[PDB]
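**Q** The sequence isn't on hand, but the structure is:
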Ligand SMILES: [Zn+2]
Ligand SMILES: [Zn+2]
Ligand SMILES: [Zn+2]
Ligand SMILES: [Zn+2]
Ligand SMILES: [Zn+2]
Ligand SMILES: [Zn+2]
């Protein structure tokens, strides 16, 4: 638990902000029914137009200030609903008080996608990032699901929150005019919780590899655990050795940082109707090892993110510990380590031995993720759970298959896959089912070991990796969410925290 | 039918096609296992498994109508051999008539329900027993459960794998009969001729794909489709450059500018003789060589020597024309399409950057001349939709990225309509040509926003090419249920070094079941 | 015969210089025993010190001049050593009170100078002649050389001295004057005298080859090159025949014709024949790869190190053959009949080009699946070899810039020879030794044959698994010779002198010694 | 076994064998069903 250092100026912990300004926002919801007040700060109307370009903006809600003149149709026609196009204006109201008033365009379609709502929020955040306001209020002139409302809120909080921890003001009030604002009120605290789980995950991901390394990551998780009263355990090298976690130990052989295997457990208040284990890939930095990420495209500069799976698990723990779902036992697991080049590193060609006794021929040391997951997956399975769900920035191939938006889920059990897809729906974190194609299993037949780590022929890498992992779950329903492609936001230069909400929604729904 | 232009008089002017294959001469007889097996001339093979017991012993359970053969195949003899999948053994013995018989088995493993890929393995083992053995008869005894579709798949695969394509051999004996013993033989009988047609559909597609690009060019490919149409009584229109310009197919015409072969757009039509209740357009990418154009395929792994196969879509479509025209399904009108052209590098080629106008008036900014299939498909889809069909299904070797997403064993199906997608997946199950449903992610659409044209041909940010190509193709279908099958990954069998003829059975099952 | 043009400024012939200044040099050999007259120009001593690594210069020849003998006393020479390629210049007045330039080039301490050693010597000697205005050079051999080496010295001096200025316009060298006389002093002079005009013919044959290789692809294309061949034959009284496309079609040379499909230039197959008066004892076909430009085709030479800018040299094989024709036509050997074919064409990217994957049919009926369009050399040679074999010949020797792999195996000094007959290969290694053009014997490893098994055609052009591509290409060519002793010299690595940025003219001497010494 | 001259020629076994069943199997009429293409093999189980 002390972090080793090369020089005294090496950080020895990950800075985390738990108490964010976003927690300092008092939120109230109101029925668009009763009309809208414009007493203070910034008022935005979310508007669309079926049959557009988009067409003009028309406000439909009645407003309790003669602001009404501004939002009359002569002036609003000058503005259109093209998705994400916004305008806001300052003006005085019935009190000669300063009000700011505007709109965000919501396209032509009256049902809105995960990604369109994102574009909506980004535009709204833009406005908040450049205006000092005590208050913002939001008027929904577009239909939205209870889930999507939350998503809007979550996304608003997350996108609005800025991470300043490595650099050497916010609204205090959010008001919302919806409609059946009773149906919705309850999404508010969930949103806020989901925001933090997400944001927290993002604090870990964004934490560079020199702050966030196996030891610091393990201390943080223990601290998180402590705050939620989750049971915690950090297996160090000696117990990982006793446990013969050789694939896992092999990957970290090269690091100055001892392997740390995080095991957090959320025992449930209820009757124990599902033991579930969430297993995240925690490579705190992936050099690729001796198969160094040197090829144009390999993105060595981003490989602090290769623990995104682990962070997503941890952020999910935050949400679970907080919202306190009933009837579920949950295990939060991650084989945390670093993939480094060294005299001590495992080599291409090494035959290593997983904790289940499977010998594995390493054909490429940058495929280290499935090696550590193999050992965690046996550990998970030994727990006697019903469901194992792992989540990993496992394969560059994701980017060529589903790309940066949707993650793929592979599995050995249809009904588990289905519970993941439905969590996808309600978490509004897009996941798509991908097959484990058994025809490819032959390409893992080592000549010398029991199994190859990688195929040399097949290029469907995400599929071979799933097939590899599948060899390490004997008897338990298991799904593997590969987030290599979706985890970092390339346009915005930051983690999405992808997966926290989806995993939480998953333990909440099933 | 047009003249194939030539540079030299030695340039071939048609695709050689073999219609009467040795497989057609095979007499197939199906017998019910309950009557026992006669084991005489040829090679008699048992398909045996042992469920649950991995590599378990061979036990022959069918009655054999020969005391010497029964003696040889008693459990005590057979238990020393095992059912490991694809394992095989040959036996030689004298039957009750003092006649030498060859018997054997192919292990079918320890899983009750064989998968398409398992059965391929079995068939491959079986075919190695047919190779290098001058046999007049093979008899195959099913001691494994298969449904009707798998049984048919067994025969198609057998026929297909057994057949050897020797059209291009110059300087470098098939069974005549095939017995099959299986339980409830009478229910399987009807798959036999179906399998025979499917085999040829596929094999025919395969001959076209395997045909090299000097043989199989736009003129000779379309001529082949005309000929096929004439043999099958399908209607046909081949649209040439003049008619294509008139139709304003500037996407399709641009790709072909750099070729010595004029574009030729194939429109085969099968109409049913009774009231037509569904109209379907099947559209295949038909790029008879894809050099990549100015975006030349030069990078390692780009496989420019396999690029004759960039008309696999069109082949699957034509092979489906064969199956449909042969089986004559009712109440349906099918249009078989394929904007055929060749993507070459020339003073006349279209360029990266060129802005081109499709037949629906949409302008396209070309980012990469090697993303040419989507452009030819664009105008095909516009054409297809002007036919006013209920469904448009395209099949194309569109994106190399398929090799990185689903690999070489499962094609991707995208579409704008779930019902149609489900019908394609249904057809996947029953044809046993595996397809997986992949999303058209609307969030990527903005990366197709061109600063100058209505739309970009390619995304400059999104590496998910199959999805982005799909999204592009979707811009060219206004109002019709449409699906798109990316077979780039699966069309060519790298291990066997031949085409699969993939899609033919799939498309045919689609047309037949719906 | 008419060379097509795209614009009127495109050259319609290779410019060829036949009367080179080297031809105007009167060469006299004298016996060293009678002493050196030192009366004008430059007198160079070739001097060694066998044993003493960089030992001193000590002149051994009597010099018939008090003053020049004084200057060359041991005392005065000691400051200088014999390091291979070292040289010095001296200036003095002879007995006739005339200014006289004298010098030496060091030939090292190994009494047996190798090809590459003698080349360094001639190189040093040529630097003494460049940047100087001299009417006469005399060279004094104070080293031991056999007759072949003496000839090689002369051939090399001539070749290296000659400067190719056909493409200079505004930048012709104001300062290139050539000696008009060359005197040679050697032991047993009479025995070396034969070698002078042989050297002179050998030099021209190789220079001629060199001019064709060095002519860029817009000057040297398949029509200009074959027009040059015809002119050469005409000047030498050789029977010749240029097969054009219609005849190549009738001959079903589909492999050859496919390679040239993409070219704005019609394929032209050169066939020249030299026949002895009297009994023809040996009949030989010499086949030269003649790709006048090799883009690689649709497998374009785009990768780093593919040296596309050099690909004018892809007709080096042809050039060697044609320089051989020059030597053979000039020296008129007895009891031979030599064919000097050359399936000439250009490998371009076009709507008309052949494409990877194409299956083409060679003139012997064999179908070939093209796997890479930049393996065109073997395709043209396949048909050239069928044609050669049908001539009823005893030996077919091809020479070809076939494989860049040659740079990884033997590099830039030694060519590789492969073949189907040990005696033929040994005759090649025998002519290699007497021409001083180094060749090394490499194996046709039959084990790699299976990788040319095509699924669809009779044979693959290329291996998709074996990287020993000089061997594979030999395997392929072997398929086109049924029943004739045949060897293949792969000069991809040695044809171009990278250090001097010009052709070596590699092969002419080798092919000539081969033809002569039979 | 080989077949000199005949590319992919028939299998012909010359050795005399000490068993009448295998002798039968090895008769020319059965063995010509097979060819000598390098590496091509067949083998059959029987009772002696
Ligand atoms: Zn890695
Ligand atoms: Zn990794
Ligand atoms: Zn392309
Ligand atoms: Zn293409
Ligand atoms: Zn080449
Ligand atoms: Zn070449």
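**A** That came through fine. Numbering: from 1, shown residues only, chains lettered A, B, ... in the order given. Ligands and ions are numbered 1, 2, ... in the order given.

**Q** So the closest residue to ligand 2 within the stretch 101-250 of chain A, which state does it fall into?
**A** For the stretch 101-250 of chain A and ligand 2, the shortest gap (CB to the ion) falls at residue A:209, measuring 12.2 Å. For the C-beta atoms, the positions are set from N, CA and C on the backbone; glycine is no exception. Following DSSP: H, G, I helix; E, B strand; the rest coil, the label given to residue A:209 is coil.

**Q** Make sure it is actually in contact with residue A:282.
**A** No: in this structure, residue A:209 is not within contact of residue A:282 by CB atoms under 8 Å, at 11.7 Å.

**Q** Of these two, which one has the most company?
**A** residue A:282 (34 against 21; other CB atoms under 10 Å in any protein chain shown).

**Q** wait, what's in contact with the more buried one?
**A** By CB atoms under 8 Å, 6 or more residues apart in numbering or on different chains, residue A:282 lies in contact with A:214, A:217, A:262, A:307, A:309, A:310, A:334, A:335, A:336, A:337, A:372.

**Q** can you count the residues close to the fifth one?
**A** When neighbours are counted by other CB under 10 Å, residue A:309 registers 32.

**Q** so what's it up against?
**A** Here residue A:309 is in contact with A:279, A:280, A:281, A:282, A:334, A:390, A:391, A:392, A:393, A:394, A:483, A:499 (CB under 8 Å, 6+ apart).

**Q** let's see 10 Å
**A** For residue A:309, the contacting residues are A:205, A:278-283, A:334, A:369, A:373, A:390-394, A:480-484, A:487, A:498-499, by CB atoms under 10 Å, 6 or more residues apart in numbering or on different chains.

**Q** re earlier: what residues do residue A:209 and residue A:282 have in common as contacts?
**A** A:217, A:306, A:307, A:338.

**Q** sorry, back to before: mark which of the contacts of residue A:309 are part of strands, please.
**A** A:278-283, A:334, A:390-392, A:480-482 (DSSP state E).

**Q** ok, so of those residues, who is nearest residue A:315?
**A** Nearest to residue A:315 out of the ones in strands among the contacts of residue A:309 is residue A:280 (CB to CB; 9.5 Å).

**Q** Report the separation between that closest one and residue A:59.
**A** 45 Å (CB to CB, to the nearest Å).

**Q** More neighbours: which of these two?
**A** residue A:280 (32 against 19).

**Q** Surely the more buried one is in contact with residue A:380?
**A** No: assessed by CB atoms under 10 Å, residue A:280 is found out of contact with residue A:380, at 11.2 Å.

**Q** which residues do the two both contact?
**A** When contacts are counted by CB under 10 Å, 6+ apart, residue A:280 and residue A:380 have A:333, A:373, A:389, A:390 as shared neighbours.

**Q** Identify the residues contacting the first one.
**A** The contact partners of residue A:333, taken as CB under 10 Å, 6+ apart, are A:233, A:235, A:261-265, A:277-280, A:282, A:310, A:313, A:373, A:376-377, A:379-380, A:383, A:388, A:390.

**Q** Buried residues of the helix or strand hosting residue A:219, list them for me.
**A** Following DSSP states H and E, one finds residue A:219 within helix A:214-228. Buried positions in helix A:214-228, judged by neighbour count with 16 or more other CB atoms under 10 Å in any protein chain shown: A:214, A:215, A:216, A:217, A:218, A:219, A:220, A:221, A:222, A:224, A:225, A:228.

**Q** With stretch A:10-17 instead?
**A** Buried, per 16+ other CB under 10 Å, within stretch A:10-17: A:11, A:14.

**Q** wait, what's in contact with the closest residue to ligand 4 within the stretch 151-300 of chain A?
**A** Of all residues in the stretch 151-300 of chain A, the one sitting closest to ligand 4 is residue A:297 (22.4 Å; CB to the ion). Residues near residue A:297 by CB under 10 Å, 6+ apart: A:396, A:399, B:463.

**Q** what's the first one sitting at in phi/psi?
**A** Per-residue torsions, residue A:396: phi -50, psi -30 (degrees, to the nearest 10).

**Q** OK, contacts around the spatially closest residue to it that is not a sequence neighbour?
**A** Excluding its sequence neighbours, the residue lying closest to residue A:396 (CB to CB, 6 or more residues apart in numbering or on different chains) is residue A:484, at 6.2 Å. For residue A:484, the contacting residues are A:281, A:305-306, A:308-309, A:369, A:392-399, A:401-402, A:404, A:407-408, A:461-462, A:465, by CB under 10 Å, 6+ apart.

**Q** Repeat the analysis, applying 7 Å as the threshold.
**A** A:393, A:394, A:395, A:396, A:398, A:399 (CB atoms under 7 Å, 6 or more residues apart in numbering or on different chains).

**Q** quick one: which two of those are the most distant?
**A** For the contacts of residue A:484, the farthest-apart pair by CB to CB is A:394 and A:399; their separation is 11.8 Å.

**Q** Residue A:247 is in contact with residue A:360, isn't it?
**A** Yes: with contact defined as CB atoms under 7 Å, residue A:247 reaches residue A:360; the gap is 5.8 Å.

**Q** how about the residue nearest to residue A:396, phi and psi?
**A** Backbone torsions of residue A:484, given as degrees, to the nearest 10, read phi -50, psi -40.

**Q** cool, residue A:186 as well?
**A** For residue A:186, the backbone dihedrals (degrees, to the nearest 10) come out as phi -70, psi -20.

**Q** To what extent is it buried, counted in neighbours?
**A** Neighbour count for residue A:186, taken as other CB under 10 Å: 12.

**Q** Spit out the contact partners of residue A:398.
**A** A:408, A:462, A:482, A:484, A:485.

**Q** Surely the third one touches residue A:395?
**A** Yes: with contact defined as CB under 7 Å, residue A:482 counts as touching residue A:395 (5.8 Å).

**Q** Thanks again, I'm all set now.
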